[PDB]
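Visitor: any chance you could fold what I've pasted below:
(one chain, ligands or ions: 1)
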Amino acid sequence: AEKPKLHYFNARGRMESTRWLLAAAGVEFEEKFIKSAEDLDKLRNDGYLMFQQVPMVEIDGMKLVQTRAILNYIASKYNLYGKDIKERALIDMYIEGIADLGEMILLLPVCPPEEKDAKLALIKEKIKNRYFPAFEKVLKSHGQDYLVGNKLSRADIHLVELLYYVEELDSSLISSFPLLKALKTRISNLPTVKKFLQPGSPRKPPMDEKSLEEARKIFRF
Ligand SMILES: N[C@@H](CCC(=O)N[C@@H](CSN=O)C(=O)NCC(=O)[O-])C(=O)[O-]
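Guide: Residues are numbered from 1 along each chain as shown. Structure data below:
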């Protein structure tokens, strides 16, 4: 057999949620880091990127691009996408809300400076008034340890990943949400996730100015 190969640059960006999901599932993977525009052009010219973009993951004979296509395949393959169509609908609704908030946070480094204060404030307001109340309500509704089906799913993984990013922005935002705090602790203690959180794993740090400059050179923006 062959390990999945993750093509991206050496940063969180749009590949980090896949790193989290594979690690949580206990699946070993390799990474091939793009370090220059030439490296990206070589993937393009070799025919490996359907829309000439990364993330790309080589898995099970496919060269899959598009974050959501990659994640959906991995979640189904490793039994992290619920047990039927209705559970998948709940999972999809939850994770698309997570993705909407995650996208706002992802794009902060490219926000025009004159708009950044207001953008950050609006994100914090949405966390406190829209997203954290919605997920706290799910957990309170059923009283169970996981978001869907009383069993670990991708929704728990994606949410807990997001909770780490929210903590980096403002550690007080989760303070009024005890069920979210408890979920963060439980998921972080699962053996595979605990290992991924320790040093030396593929988990990536927050993007710094040097990494942003590298992204500008690689992706030509
Ligand atoms: N919807 C796609 C977006 C992929 C994408 O935008 N990739 C960028 C780098 S990731 N940070 O956004 C990319 O390859 N840019 C090069 C280009 O579009 O020419 C996805 O995979 O999620």
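Visitor: need the longest helix for this protein.
Guide: helix 85-106 (DSSP state H).
Visitor: does it come close to the ligand?
Guide: No. Using CB under 6 Å from any ligand atom, helix 85-106 stays clear of the ligand, coming no nearer than 7.6 Å. Every C-beta, even on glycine, is put in place using the N, C-alpha and C of the backbone.
Visitor: name the helices or strands packed onto the helix or strand hosting residue 33?
Guide: Using DSSP states H and E, residue 33 maps to strand 30-34. Under the contact criterion of 3 or more CB pairs under 8 Å, 6 or more residues apart in numbering; DSSP states H and E, strand 30-34 touches strand 5-9.
Visitor: can you pull the residues of this structure lying near the ligand?
Guide: Counting by CB under 6 Å from any ligand atom, the residues of the chain that sit close to the ligand are 13-14, 52-55, 66-67, 219.
Visitor: any chance of those in a markdown table, plus secondary structure?
Guide: Output for the residues of the chain next to the ligand, formatted as a markdown table (DSSP: H, G, I helix; E, B strand; the rest coil):
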| residue | secondary structure |
| --- | --- |
| 13 | coil |
| 14 | coil |
| 52 | coil |
| 53 | coil |
| 54 | coil |
| 55 | coil |
| 66 | coil |
| 67 | helix |
| 219 | helix |
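Visitor: of those, keep whichever come out buried.
Guide: 13-14, 54-55, 67 (16 or more other CB atoms under 10 Å).
Visitor: closest to the ligand out of the residues you listed?
Guide: residue 67 (3.5 Å; CB to the nearest ligand atom).
Visitor: understood, closing this out.
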